[PDB]
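First comes the structure, then the notes that go with it.
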Amino acid sequence: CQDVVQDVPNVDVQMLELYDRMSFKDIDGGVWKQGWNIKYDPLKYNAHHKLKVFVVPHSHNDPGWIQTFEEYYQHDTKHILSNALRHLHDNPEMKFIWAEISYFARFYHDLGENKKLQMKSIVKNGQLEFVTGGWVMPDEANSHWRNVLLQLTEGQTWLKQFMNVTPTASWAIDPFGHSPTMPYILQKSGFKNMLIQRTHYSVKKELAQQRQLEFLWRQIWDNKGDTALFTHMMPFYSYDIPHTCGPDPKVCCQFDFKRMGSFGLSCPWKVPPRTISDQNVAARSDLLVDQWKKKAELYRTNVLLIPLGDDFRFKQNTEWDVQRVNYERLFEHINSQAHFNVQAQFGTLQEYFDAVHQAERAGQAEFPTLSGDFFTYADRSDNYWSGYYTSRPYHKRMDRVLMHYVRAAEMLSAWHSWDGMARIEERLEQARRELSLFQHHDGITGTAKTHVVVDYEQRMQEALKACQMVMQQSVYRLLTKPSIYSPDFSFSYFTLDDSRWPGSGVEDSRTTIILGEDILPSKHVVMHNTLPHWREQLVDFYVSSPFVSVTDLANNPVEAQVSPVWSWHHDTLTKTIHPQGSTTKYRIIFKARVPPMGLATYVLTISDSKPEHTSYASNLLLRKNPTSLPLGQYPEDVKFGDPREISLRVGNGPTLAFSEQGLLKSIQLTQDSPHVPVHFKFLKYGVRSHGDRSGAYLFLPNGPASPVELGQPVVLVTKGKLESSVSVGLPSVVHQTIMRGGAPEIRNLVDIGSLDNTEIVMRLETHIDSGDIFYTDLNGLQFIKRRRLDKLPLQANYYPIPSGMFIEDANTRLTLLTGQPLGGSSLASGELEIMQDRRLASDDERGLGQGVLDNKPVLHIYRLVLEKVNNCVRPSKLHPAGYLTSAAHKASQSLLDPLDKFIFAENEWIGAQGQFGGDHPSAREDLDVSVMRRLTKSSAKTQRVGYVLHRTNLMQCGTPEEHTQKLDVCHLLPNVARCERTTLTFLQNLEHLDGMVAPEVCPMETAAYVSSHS
Ligand SMILES: C[C@H]1N[C@H](CN[C@@H](CO)c2ccccc2)[C@@H](O)[C@H]1O
Ligand SMILES: *[C@@H]1O[C@H](CO)[C@@H](O)[C@H](O)[C@H]1NC(C)=O
Ligand SMILES: [Zn+2]
């Protein structure tokens, strides 16, 4: 295994180093506004060395943006695809590329058999070629790597089944900035080439000057280069026709034949296209070939890529004709005029890359190596696209909840083969497709119109209901004696209980377990653990009495804590934000212990008085002018007091001190250690009154943030043996710090209300001497080093925080893990900050046509980990990566993949069992089974089950941490007959495994295996 910590890779371009050296001046470069006047030697190309030009027709189809997916399919995409089939069938030399498989599958299934056969023929003969082949062209900033793989697999599995092809070239022309997580996943899924477009205009200028726009993109920790993927970066401002034929858009626009008038389009540079004739073909070819030779100067081979397309193009039959016939006249002239030394033709993306590598093998070019990312993107001036790292935060959090429910539903139902009548495959396919659709670059990014955001929410709600159904039918089958098991596949045997989604204060969705001497004395509950190691975690349920005790299924008592159910209200009469307690529902909390990828059953029983093994929390309400707070049967009366500083400690854990406003002030790790200053603060950013305005994509603050005026907020303190917390009602945010014995959990109920043109940020202030360095993650896969640059504006120093961020000095580290992707930065030494929500009245000129005024309450969750790191073996100063400690990685897993909770729905569960999975191996803490999925239906003689195994890399800081068991996924199901290593999409077998044993992977590696069973 390669050492991902101690060896700094040697690459030609390292993006953090490039950023430190570049000036980023925005000067007028001439007709190529952000470049320079390109010059070329006409003698470079000649009879023995011609320029080969591939014009590649394409149509960018967004799966929702200004219209919903179905509205665009009906108004535009079904006509584009129907006319592509007719035109390619009738014109054998015409070509076309297609990226979004969600639309293609929606079209194909509605076609008659004759047309399905015609479509398969133009794919088999190479005229219509699929690029990437994912369900969508995903966002690369907020998306989790697990969902980028899920949508890639959904589209490529459909393509293999119905079109018999698997793309090896990727096309990503519209995501707002680019992530190395893409070549990581693509290279492990059979790809050989990829293309990107939206990178900072200063970066395109710098790389073009050095002819470094084509490069071997490897991971930042990869010393050997085995992760490398050939990448082509487009050079200009847009992927549209005016910015794809060459450097001068006033010239290129004249070669977009849809812009002469009858289609309602024109050229903003004021010179229109003109129909090619025998009297003007020579002068038009002279202008076009000059643009092509200028573009060719920016690259190393004699093969040139010329995309020809735009949004929802190639719709009308007349449009197909106007572009094809005019280009065919240009090619016939150009290719017959020897003085140009050019051979031009329509081509596909794979054809371009195959010709580039033929040139490389002929020794005509060598390519540079590169590592790093391409965030944060700016397309012009100071217009940095960091706003979408936060826009529509409710749906960003919903993405992570659904991510976990799809994993748990596929894993729980994979253990058995299911009758078709159970509709398991049907519900899982719907769930995978709705979550895959939301990975689109106007979905999770929060950049679609209001009614489109509603469509994505409705689709994800249906996906959550599908997951719940599959999960609860699976738990009933896994924990019921086989000869008693009697399923009704439409029945609800268990209901899921989720404490953090939609969350307290967002939706009253949780069911109370109703017990009573005159109705039901007890209730079974079951916990599932999707991770491959034994896990303990506190769990809570709402119950109708405080006198409840817990037992495991051997009837052993389990220690429990009961607390009140508190809800916060904006009292429009007293003009205060304060908590009200329930006098009939209570929370019971206890530690559940669950096997690796397994289930554990517990029982809740009522008694007439306080049970021996259940304790009750105390509650203290701090505010001036208090009024009584009755709690029905709860045995401890609420106490009151004026605001004051307070300190709390649960278990042997850290001791936390809070200000009289209920915000963290310091953390003391041990009995003896110092009280380290760690302060939470809420602030607000505004919008500029003149110039460009912030919107769904852009963050254009009117200066540094100003503190939110807090007034004298109401603070609630609950102190218990197993769990304690401090909660405070601040303007727009109910802020809560929860302690269970380790790093605290932070929850913010954020309601920006009617505060227009405001962005609310949560900042941490410390005295850690971090200087200008901080770390953020990429897609929940890896941590990359960031350097704050004062030569760039505040918004350029904002980066995506898809799952975590940290700052450190020689001795101390502060890590903030998140349960949802948000935007953030470190704007000064010792600080971390992350945006909570943003409400904007204006549109930001990127096509959305509205502001963001549809905010709704959202419950954000986090873990805050303060640690000493002086003993950890860390990368050297020049290494571009960082790595988490064991405690920080487990804290991230507690947020993204918590235990699942099920409440038995009827009065008596006949045949109930106590545990499932006690014999599953408990794997080392850095290893995860990211995906477990049965790949065959019940009628297959040979069953197949696929697994994706990921190992992260944790710092060695002196903790022995030993004895774990080897995890061989191929022997998790009985009667294994074969074990194969496959691509990550499970579509190609790469290795037949000896002894049917699947080896574990190396740190930072991801592998896929399929076991076959007789
Ligand atoms: C974020 C947005 N980027 C693309 C914008 N496309 C351009 C035309 O090339 C456009 C289309 C419509 C209005 C303004 C600008 C869209 O595909 C969408 O995903
Ligand atoms: C699918 O493609 C393969 C390419 O290896 C070909 O050999 C096979 O016959 C194809 N099957 C069809 C035509 O469905
Ligand atoms: Zn788009």
Side-chain angles (χ1 to χ4, degrees), residues 58-69 72 76-77 80 98-100 102-103 116-117 119-126 129-132 134-142 156 159-168 171-178 190 196-198 234 236-244 249 252-253 256 258-259 263-268 307-315 377 379-380 383 385 387-389 391-392 437-449 452-453 456 695-698 843-850 852 987-989:
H58 70 94
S59 181
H60 186 62
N61 287 61
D62 292 304
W65 179 39
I66 299 322
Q67 298 184 51
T68 63
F69 178 87
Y72 282 130
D76 299 275
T77 307
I80 293 166
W98 193 266
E100 306 87 3
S102 53
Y103 277 125
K116 285 184 171 166
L117 287 169
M119 182 69 82
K120 288 193 269 201
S121 73
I122 55 164
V123 169
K124 185 165 201 77
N125 84 0
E129 179 182 286
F130 296 102
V131 292
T132 304
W135 206 241
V136 302
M137 171 183 299
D139 173 34
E140 303 180 15
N142 301 295
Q156 295 211 328
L159 286 177
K160 183 177 186 179
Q161 183 171 181
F162 297 99
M163 290 288 115
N164 192 29
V165 298
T166 300
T168 59
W171 174 259
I173 53 169
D174 211 30
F176 326 139
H178 293 277
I196 63 180
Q197 157 60 22
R198 294 192 182 269
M234 307 177 37
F236 304 136
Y237 163 82
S238 175
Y239 54 75
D240 69 8
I241 295 165
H243 304 269
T244 49
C252 293
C253 196
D256 181 350
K258 201 183 175 166
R259 296 182 189 240
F263 294 94
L265 304 174
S266 59
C267 284
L308 185 82
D310 205 340
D311 293 9
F312 295 99
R313 289 297 189 93
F314 295 96
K315 182 180 176 180
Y377 175 62
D379 57 342
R380 60 190 170 83
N383 289 193
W385 295 44
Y388 85 97
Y389 300 159
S391 300
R392 280 58 178 264
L437 181 73
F438 195 55
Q439 306 313 122
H440 173 224
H441 60 269
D442 291 293
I444 187 172
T445 57
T447 56
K449 298 192 143 297
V452 182
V453 173
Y456 292 137
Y697 305 88
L698 309 183
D843 168 66
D844 54 358
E845 307 191 40
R846 297 308 185 280
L848 171 58
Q850 63 157 267
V852 173
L987 300 175
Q988 180 182 186
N989 300 321

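Residue numbers run from 1 in the order of the sequence given. First listed ligand is number 1; within each ligand, the first listed atom is number 1.
- In terms of distance to the Zn ion (ligand 3), the nearest N, O or S atom of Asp174 is named OD2.
- For atom 5 (O) of ligand 2, no protein heavy-atom neighbour is found at a distance under 4.0 Å.
- Screening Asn383, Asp843, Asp442 for a side chain to side chain donor-acceptor pair (under 3.5 Å) involving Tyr697 leaves a single residue, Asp442.
- Between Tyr377 and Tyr237, the closest heavy-atom pair is OH-O, 4.5 Å.
- If you look at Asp62 and ask which of its N, O or S atoms sits nearest the Zn ion (ligand 3), the answer is OD1.
- Annotation for ligand 1: atoms under 4.0 Å from non-hydrogen atoms of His441 are 19 (O).
- Close contacts of ligand 1 with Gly847, meaning ligand atoms under 4.0 Å from a residue heavy atom, involve 13 (C), 14 (C).
- The side chain to side chain contact (heavy atoms under 4.5 Å, CB included) test with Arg313 is passed by exactly one of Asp76, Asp256, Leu308: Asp256.
- For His440, the closest heavy-atom approach to ligand 1 does not fall below 4.0 Å.
- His440 places no side-chain N or O within donor-acceptor distance of the main-chain N or O of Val136, the cut-off being under 3.5 Å.
- Those atoms of ligand 1 that come under 4.0 Å of a heavy atom in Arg198, given as number and element, are 3 (N).
- Any N or O atom pair closer than 3.5 Å counts here, and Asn164 shares at least one such pair with ligand 2.
- Atoms of ligand 1 lying under 4.0 Å from at least one heavy atom of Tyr697, given by number and element, are 1 (C).
- From the protein, the heavy atom lying nearest to atom 19 (O) of ligand 1 is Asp442 OD2, 2.6 Å.
- Residue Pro63 is tested with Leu437, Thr77, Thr68 for a side chain to side chain contact (heavy atoms under 4.5 Å, CB included); the sole match is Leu437.
- Distances below 4.0 Å separate heavy atoms of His60 from the following atoms of ligand 1: 17 (O).
- Closest of all the heavy-atom pairs between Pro307 and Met234 is CG-CE, 4.3 Å.
- Looking at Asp174 next to ligand 1, an N or O pair under 3.5 Å apart turns up.
- Taking the six-membered ring where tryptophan is involved, the planes of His441 and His60 are essentially parallel, since the angle between them stays under 30° and well short of 60°.
- What you find for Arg259 and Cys253 is that their closest heavy atoms are CD-SG, 3.4 Å.
- Ligand 1 has a nitrogen or oxygen under 3.5 angstrom from a nitrogen or oxygen of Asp311.
- Near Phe176, meaning under 4.0 Å from one of its heavy atoms, ligand 1 places the atoms 1 (C).
- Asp311 and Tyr239 form a side-chain donor-acceptor contact under 3.5 Å, judged by distance and modelled atom types alone.
- For ligand 2, the atoms closer than 4.0 angstrom to any heavy atom of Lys124 are 13 (C).
- With values rounded to the nearest 0.5 angstrom, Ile66 atom CD1 is found 9.0 Å from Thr447 atom OG1.
- Checked by atom type, the side-chain pair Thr445/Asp139 shows no donor-acceptor distance below 3.5 Å.
- Among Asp240, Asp62, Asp310, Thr447, the residue whose heavy atom sits closest to atom 8 (C) of ligand 1 is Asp310.
- Less than 4.0 angstrom separates atom 1 (C) of ligand 2 from at least one non-hydrogen atom of the protein.
- For ligand 1, the atoms closer than 4.0 angstrom to any heavy atom of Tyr239 are 4 (C), 5 (C), 6 (N), 9 (O), 17 (O).
- A salt bridge links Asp379 with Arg846: at least one charged nitrogen is closer than 4.0 Å to a carboxylate oxygen.
- Atom 9 (O) of ligand 2 is never approached by the protein to below 4.0 angstrom, counting heavy atoms only.
- Looking at ligand 1, you won't find any N or O of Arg846 less than 3.5 Å from one of its N or O atoms.
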